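Enquirer: task: produce atomic coordinates for the following.
(one chain, ligands or ions: 1)
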Amino acid sequence: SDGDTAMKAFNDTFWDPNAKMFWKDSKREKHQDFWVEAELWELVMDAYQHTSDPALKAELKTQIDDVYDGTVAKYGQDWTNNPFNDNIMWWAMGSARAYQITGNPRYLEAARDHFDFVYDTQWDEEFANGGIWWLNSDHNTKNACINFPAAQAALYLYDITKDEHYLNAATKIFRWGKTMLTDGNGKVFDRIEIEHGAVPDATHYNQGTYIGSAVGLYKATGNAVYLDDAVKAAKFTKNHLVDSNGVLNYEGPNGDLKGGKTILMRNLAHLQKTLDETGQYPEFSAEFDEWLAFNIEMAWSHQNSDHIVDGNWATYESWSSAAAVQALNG
Ligand SMILES: *[C@H]1[C@@H](O)[C@@H](O)[C@H](O)[C@@H](CO[C@H]2C[C@H](CO[C@H]3O[C@H](CO)[C@@H](O)[C@H](O)[C@@H]3O)[C@@H](O)[C@H](O)[C@@H]2O)[C@@H]1O
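Expert: Numbers count the residues shown, from 1 in each chain. Here you go, the structure:
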C-alpha cells in the first residue's frame, strides 16, 4: 500500500527509538517541537487506521504508546504550564484519539484534564462575546489555531464520553469561531486581536481544523449546515491556497506553517469520507476527489530515493515531509 511505503520510510528516516520521538530533520540533532510531535502522533494513528498490512499495523499500534511515553519522559504528564493554549490543545486532541484506538484510561485522563483546563479557564466572553485566548500567560488575541482544534478535541471527548457538556462546548466554540474568525463564506482568519481586530490571513492548518470541527459537528448533530460550512471552507482552500496548477501551496519559511498541509490533508480526508457516505454536494464531491487525487499524485511524484517527500510538492525536515505521508493515509 502507498500509505505503507510512505509511513515506513518516514519512520526509517525520522523515528528515534531511543528517545521515542521523531527527529526534527535528517541531521538528527534535535527532536521535533512539542506541538508538531502531537501532529506526527496523529499521523501514526492515521497510518494505523489506514493500513491493511497486519505486521505494520501492530508495530504502528505500539508506536502510538511510544510517541506519548517519549514526550511524557521529556516534558512530564502535566502540560498546563505551557503558555500556549494551542500547545496544550494539540496534545489533548491527540490523547483523545489515542483513547479511541487503545482504550487506555491514561489517554482519556490526559485529554479531559488538558481540554478542561483550557476550556474552563481560557474561554472568555469579556472580549468579542466568546472564544479561547491564544495564551494563558497574556490575554491579547484569540486564534483559529486554538479555537478550531478545541472544538475538535471537544467533539472527540463527546464521542468518547457521550457527556453533552463536550458537545455544548464544541458547538459554542465553533459558532463563535465561524462568526468572529471567518468571513462567513469559508475563509478562516488567523486570529482576532484586542487592539487591531481580525487578521484575515488564511493558512492550510486553520482551513483544516475548521473543516474537521464542522464535519465532526455534522456527525454529532446531523445538522447539514455544518457540512455546508465544511464544503465552503474546502472550496476556499482548493481555489485560493494553491498554485496556478492547483497544487496546494508550500507555506514556508515559517516553521509552524511548513507542514500545515499535514493537518489540512487529515481533515480533508474526513470531509471526503463524509461526502462519500452521505451523497451530500455530489458535483463538488467529484471535483474535490479529482483535485485531492491530483495533489496526492503530485506529492508521490516528488519522493526521493528513500521515499521521503519534502513539503515543496510542485536536509529533509519531518514536519514538511509529513504532509505526503498523511496524504497517502487518508
Ligand atoms: C502555538 C504553539 O504551537 C507555538 O509553539 C507556536 O509558536 C504558535 C505559533 O502561532 C503563531 C504563528 C502562526 C503563524 O503566523 C504567521 O502566519 C500567519 C498566517 O499567514 C500570519 O498572520 C502571522 O503574522 C505570521 O506570518 C499563526 O498561525 C498563529 O495564529 C500564531 O500567530 C502556535 O500558535
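
Enquirer: how about the strands in the stretch 101-250 of the chain?
Expert: 141-143, 191-193, 197-199 (DSSP state E, counting those that start in this stretch).

Enquirer: for the stretch 151-300 of the chain, what lies in contact range of the ligand?
Expert: Applying Cβ under 6 Å from any ligand atom, we find that the stretch 151-300 of the chain lies next to the ligand at 190-191, 199, 201, 203, 254, 256-257. Any C-beta I mention is one placed from the backbone N, CA and C, and that applies to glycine too.

Enquirer: so which of those residues wins on neighbours?
Expert: residue 191 (23 neighbours; other Cβ atoms under 10 Å).

Enquirer: just the CA atoms of stretch 262-276, as CSV, please.
Expert: C-alpha atoms of stretch 262-276 as CSV (Å, rounded to 0.1, in the frame of the first residue of the first chain):
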residue,chain,number,x,y,z
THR,A,262,-0.4,17.5,7.1
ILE,A,263,-3.3,18.9,9.2
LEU,A,264,-5.2,20.1,6.1
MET,A,265,-5.0,16.6,4.4
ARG,A,266,-6.0,14.8,7.6
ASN,A,267,-9.2,17.0,7.8
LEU,A,268,-10.0,17.0,4.0
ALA,A,269,-10.0,13.2,4.2
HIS,A,270,-12.8,13.4,6.9
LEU,A,271,-14.8,15.6,4.5
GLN,A,272,-14.1,13.3,1.6
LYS,A,273,-15.3,10.2,3.6
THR,A,274,-18.5,12.1,4.9
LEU,A,275,-19.5,13.3,1.3
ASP,A,276,-18.9,9.7,0.0
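
Enquirer: pull out the buried residues from that stretch.
Expert: Within stretch 262-276, the residues that qualify as buried are 262-272, 274-275, counting by 16 or more other Cβ atoms under 10 Å.

Enquirer: if I look at the residue in the stretch 201-330 of the chain positioned nearest to the ligand, how far off is residue 35?
Expert: Of all residues in the stretch 201-330 of the chain, the one sitting closest to the ligand is residue 201 (3.6 Å; Cβ to the nearest ligand atom). Remark: distance between residue 201 and residue 35 (Cβ to Cβ, to the nearest Å) = 19 Å.

Enquirer: go on, residue 291?
Expert: 28 Å.

Enquirer: likewise residue 129?
Expert: 27 Å.

Enquirer: now do residue 202
Expert: Distance of residue 202 to residue 35, given as Cβ to Cβ: 20 Å.

Enquirer: now do the helices in the stretch 51-200 of the chain.
Expert: In the stretch 51-200 of the chain, the segments counted as helices under DSSP state H, counting those that start in this stretch are 54-75, 85-102, 105-122, 144-161, 164-181.

Enquirer: check which helices and strands the third one sits against.
Expert: By that I understand helix 105-122. The contact analysis (3 or more Cβ pairs under 8 Å, 6 or more residues apart in numbering; DSSP states H and E) places helix 105-122 against helix 54-75, helix 85-102, helix 144-161, helix 164-181.
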